[PDB]
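Text of the file my_file_24.cif, holding mmCIF, C-alpha atoms:
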```
data_entry
#
loop_
_atom_site.label_atom_id
_atom_site.label_comp_id
_atom_site.auth_asym_id
_atom_site.auth_seq_id
_atom_site.Cartn_x
_atom_site.Cartn_y
_atom_site.Cartn_z
CA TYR S 2982 0.83 -21.75 -13.00
CA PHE S 2983 2.30 -20.48 -16.28
CA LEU S 2984 -1.07 -19.00 -17.21
CA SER S 2985 -0.94 -17.27 -13.84
CA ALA S 2986 2.35 -15.68 -14.95
CA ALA S 2987 0.75 -14.63 -18.24
CA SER S 2988 -2.41 -13.37 -16.51
CA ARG S 2989 -0.76 -11.64 -13.52
CA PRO S 2990 -0.75 -8.43 -15.57
CA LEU S 2991 -4.37 -9.17 -16.49
CA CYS S 2992 -5.15 -9.70 -12.79
CA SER S 2993 -3.42 -6.41 -11.97
CA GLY S 2994 -5.43 -4.73 -14.74
CA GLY S 2995 -8.67 -6.23 -13.47
CA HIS S 2996 -7.89 -4.95 -9.98
CA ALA S 2997 -6.99 -1.55 -11.44
CA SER S 2998 -10.20 -1.33 -13.47
CA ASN S 2999 -12.57 -2.56 -10.74
CA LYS S 3000 -10.77 -0.90 -7.80
CA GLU S 3001 -11.74 2.65 -8.80
CA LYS S 3002 -15.48 1.91 -8.44
CA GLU S 3003 -15.11 0.11 -5.09
CA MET S 3004 -16.51 3.24 -3.40
CA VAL S 3005 -19.81 2.65 -5.22
CA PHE S 3009 -20.47 -3.91 -4.13
CA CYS S 3010 -16.98 -4.99 -5.20
CA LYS S 3011 -15.09 -3.30 -2.35
CA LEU S 3012 -14.90 -6.63 -0.53
CA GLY S 3013 -13.75 -8.27 -3.77
CA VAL S 3014 -10.66 -6.05 -3.79
CA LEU S 3015 -9.76 -7.29 -0.30
CA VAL S 3016 -10.53 -10.84 -1.46
CA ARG S 3017 -8.13 -10.42 -4.41
CA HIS S 3018 -5.47 -8.94 -2.12
CA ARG S 3019 -5.91 -11.77 0.41
CA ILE S 3020 -5.99 -14.54 -2.22
CA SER S 3021 -2.77 -13.06 -3.59
CA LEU S 3022 -1.25 -12.89 -0.09
CA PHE S 3023 -0.28 -16.56 -0.22
CA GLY S 3024 -0.48 -16.45 -4.02
CA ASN S 3025 2.60 -14.27 -4.44
CA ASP S 3026 4.13 -16.02 -1.41
CA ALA S 3027 4.70 -19.03 -3.68
CA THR S 3028 5.67 -16.99 -6.76
CA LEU S 3034 8.52 -7.25 -9.94
CA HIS S 3035 6.93 -6.72 -13.35
CA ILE S 3036 3.66 -8.03 -11.95
CA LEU S 3037 4.26 -6.28 -8.61
CA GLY S 3038 4.96 -2.91 -10.22
CA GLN S 3039 1.49 -2.52 -11.72
CA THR S 3040 -0.27 -3.86 -8.61
CA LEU S 3041 1.64 -1.49 -6.33
CA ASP S 3042 0.12 1.42 -8.29
CA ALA S 3043 -3.38 0.03 -8.88
CA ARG S 3044 -4.10 0.09 -5.13
CA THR S 3045 -2.74 3.65 -5.00
CA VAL S 3046 -5.23 4.57 -7.74
CA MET S 3047 -7.94 2.94 -5.60
CA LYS S 3048 -6.79 4.92 -2.54
CA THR S 3049 -6.81 8.07 -4.71
CA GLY S 3050 -10.28 7.57 -6.24
CA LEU S 3051 -12.32 8.32 -3.09
CA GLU S 3052 -9.64 9.67 -0.72
CA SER S 3053 -12.00 12.12 1.05
CA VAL S 3054 -13.20 9.34 3.39
CA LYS S 3055 -10.09 7.19 2.83
CA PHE S 3061 -17.72 2.15 0.76
CA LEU S 3062 -17.29 0.09 3.93
CA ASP S 3063 -15.11 -2.81 2.74
CA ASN S 3064 -12.75 -0.48 0.85
CA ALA S 3065 -11.83 1.40 4.04
CA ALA S 3066 -11.25 -1.13 6.85
CA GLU S 3067 -9.29 -3.39 4.47
CA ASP S 3068 -6.31 -1.01 4.45
CA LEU S 3069 -4.35 -3.10 6.95
CA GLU S 3070 -5.04 -6.07 4.67
CA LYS S 3071 -3.84 -4.14 1.60
CA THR S 3072 -0.59 -3.04 3.27
CA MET S 3073 0.18 -6.48 4.69
CA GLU S 3074 -0.47 -8.03 1.28
CA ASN S 3075 1.78 -5.33 -0.20
CA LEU S 3076 4.51 -6.35 2.26
CA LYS S 3077 3.98 -10.03 1.39
CA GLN S 3078 4.28 -9.11 -2.29
CA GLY S 3079 7.28 -6.91 -1.44
CA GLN S 3080 9.35 -9.43 0.52
CA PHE S 3081 8.52 -12.28 -1.90
CA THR S 3082 9.29 -10.27 -5.04
CA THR S 3098 14.46 1.41 -12.15
CA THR S 3099 12.13 3.11 -14.61
CA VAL S 3100 8.62 2.08 -13.50
CA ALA S 3101 9.63 1.85 -9.84
CA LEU S 3102 11.18 5.11 -8.62
CA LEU S 3103 8.44 7.76 -8.26
CA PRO S 3104 5.48 5.34 -8.10
CA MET S 3105 6.81 3.48 -5.04
CA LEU S 3106 6.07 6.37 -2.64
CA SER S 3107 2.58 7.31 -3.85
CA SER S 3108 0.87 4.26 -2.32
CA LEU S 3109 2.44 4.85 1.09
CA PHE S 3110 1.56 8.55 0.82
CA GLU S 3111 -2.05 7.71 -0.14
CA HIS S 3112 -2.10 5.63 3.02
CA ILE S 3113 -0.40 8.34 5.13
CA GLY S 3114 -2.83 11.08 4.06
CA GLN S 3115 -5.27 10.18 6.87
CA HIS S 3116 -3.03 8.72 9.59
CA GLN S 3117 -4.11 11.35 12.16
CA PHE S 3118 -7.62 12.25 10.97
CA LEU S 3124 -7.41 7.06 11.79
CA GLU S 3125 -4.14 5.48 12.95
CA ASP S 3126 -4.84 2.35 10.86
CA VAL S 3127 -3.34 4.30 7.96
CA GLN S 3128 -0.22 4.76 10.11
CA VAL S 3129 -0.10 1.02 10.86
CA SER S 3130 -0.40 0.49 7.09
CA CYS S 3131 2.51 2.88 6.46
CA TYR S 3132 4.62 1.20 9.16
CA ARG S 3133 3.97 -2.30 7.78
CA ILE S 3134 4.76 -1.10 4.25
CA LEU S 3135 7.94 0.74 5.30
CA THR S 3136 9.65 -2.33 6.80
CA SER S 3137 8.98 -4.25 3.57
CA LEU S 3138 11.19 -1.68 1.83
CA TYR S 3139 14.04 -2.37 4.28
CA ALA S 3140 13.57 -6.12 3.85
CA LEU S 3141 13.53 -5.79 0.05
CA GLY S 3142 16.65 -3.62 0.16
CA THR S 3143 18.21 -6.27 2.38
CA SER S 3144 17.64 -8.89 -0.34
CA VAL S 3149 14.32 8.87 -1.52
CA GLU S 3150 13.98 12.33 -3.01
CA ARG S 3151 10.55 13.61 -1.94
CA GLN S 3152 9.60 10.82 0.49
CA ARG S 3153 11.82 11.48 3.53
CA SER S 3154 11.06 15.09 4.47
CA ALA S 3155 7.28 14.61 4.24
CA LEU S 3156 7.46 11.73 6.73
CA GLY S 3157 9.80 13.71 8.99
CA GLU S 3158 7.41 16.67 8.99
CA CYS S 3159 4.33 14.47 9.54
CA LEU S 3160 6.12 12.87 12.49
CA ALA S 3161 7.31 16.21 13.90
CA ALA S 3162 4.00 18.10 13.74
CA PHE S 3163 2.03 15.25 15.37
CA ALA S 3164 4.40 13.43 17.72
CA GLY S 3165 1.93 14.18 20.53
CA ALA S 3166 -1.30 14.22 18.50
CA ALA S 3170 -1.63 8.58 21.24
CA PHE S 3171 0.28 8.94 17.97
CA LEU S 3172 3.43 6.98 18.87
CA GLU S 3173 2.26 4.48 16.24
CA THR S 3174 2.46 7.17 13.54
CA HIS S 3175 5.76 8.23 15.15
CA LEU S 3176 7.30 4.78 14.65
CA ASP S 3177 5.66 4.65 11.21
CA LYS S 3178 7.11 7.94 9.96
CA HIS S 3179 10.50 7.73 11.71
CA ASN S 3180 11.18 4.50 9.76
CA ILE S 3181 10.54 6.38 6.49
CA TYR S 3182 13.39 8.86 7.05
CA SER S 3183 16.32 6.41 6.77
#
```

Starting from the file, lay out its structure as structure tokens.
Amino acid sequence: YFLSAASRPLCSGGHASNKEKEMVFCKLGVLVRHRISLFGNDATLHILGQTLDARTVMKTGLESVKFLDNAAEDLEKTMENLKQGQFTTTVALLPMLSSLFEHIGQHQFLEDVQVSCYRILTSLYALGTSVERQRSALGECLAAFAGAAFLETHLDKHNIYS
């Protein structure tokens, strides 16, 4: 309740502190905390701003393969990010693209990262319903691999250039 509003930054800090060592067995606990918050933030951006970057730090900590529950839970992390995005100026400009880019780094190496980027990109249009370095990278990553079947990554990166 109210203690949830006072501990939402503490929950984001707990996820940030324990989500870097998910590669070495709390990797399923990160997906449990994202899934328990999926309906949790659906009944409740200062708390969303730290949590949108904690998962990017997790995706950056062991990004060479992005240690089994931290990899296949990416479509859970992006859907929970959309559920926190549709149910949500200084801490939000540059950091808002790094999570989608940490997803998109292995979208054709695989396409679950592209489904993550597509499901996170429409949450931006829904949040804007109620882009300096982000657009050209998605346009290039859609142009160089439009025939990689990568039509999923095509629809994921064409909806990031608008």

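Distances here use only C-alpha atoms; by that measure, the residue among S:3173, S:3042, S:3026, S:3158 closest to residue S:3126 is S:3173.
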
key: Expected selection from the PyMOL selection byres ((chain S and resi 3052-3073) around 6), given as a list in words   =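 Expected selection for the PyMOL selection byres ((chain S and resi 3052-3073) around 6) here is residues 3004, 3011, 3012, 3048, 3049, 3050, 3051, 3074, 3075, 3076, 3130 and 3134 of chain S.
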
ask   = So what do you get for atom CA of residue S:3179 versus atom CA of residue S:3081, distance-wise?
value =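 If I compute the distance from atom CA of residue S:3179 to atom CA of residue S:3081, I get 24.3 Å.
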
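Going from atom CA of residue S:3102 over to atom CA of residue S:3142, you cover 13.5 Å.
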
inquiry  = I'd like to see the residues matched by the PyMOL selection byres ((chain S and resi 3157) around 8) on this file, and ideally I'd get them as a list in words.
reply    =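 The output of the PyMOL selection byres ((chain S and resi 3157) around 8) on this file is residues 3153, 3154, 3155, 3156, 3158, 3159, 3160, 3161, 3178, 3179, 3181 and 3182 of chain S.
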
message = Please enumerate the residues selected by the PyMOL selection byres ((chain S and resi 3043) around 9) when evaluated against the supplied file, formatted as a ChimeraX atom specification.
response = /S:2993-2994,2996-2998,3000-3001,3038-3042,3044-3048,3108

ask   = Can you tell me, as an MDAnalysis selection string, which residues sit within 8 Å of (-4.0, 7.0, 4.0) in the file's frame, using only C-alpha atoms?
value = chainID S and resid 3048 3052 3055 3109:3116 3127:3128

Could the centre and edge lengths of an axis-aligned box, enclosing all atoms of stretch 3115-3138 of chain S in the file with 6 Å extra on each side, be given in Å to one decimal as JSON?
```
{"center_x": 1.8, "center_y": 4.0, "center_z": 7.4, "size_x": 30.8, "size_y": 28.5, "size_z": 23.1}
```

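Atom pair atom CA of residue S:3163 / atom CA of residue S:3138: separated by 23.5 Å.
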
request  = Around the point (17.0, -1.2, 9.1), in the coordinates given by the file, pick out the residues reaching within 9 Å, counting all atoms listed in the file, and return them as JSON, numbers by chain.
outcome  = {"S": [3136, 3139, 3140, 3143, 3180, 3183]}

ask   = Hey, what's within 10 Å of residue S:2986 if we count only C-alpha atoms and toss same-chain stuff fewer than 6 positions away? As a PyMOL selection string, please?
value = chain S and resi 2992+3028+3036
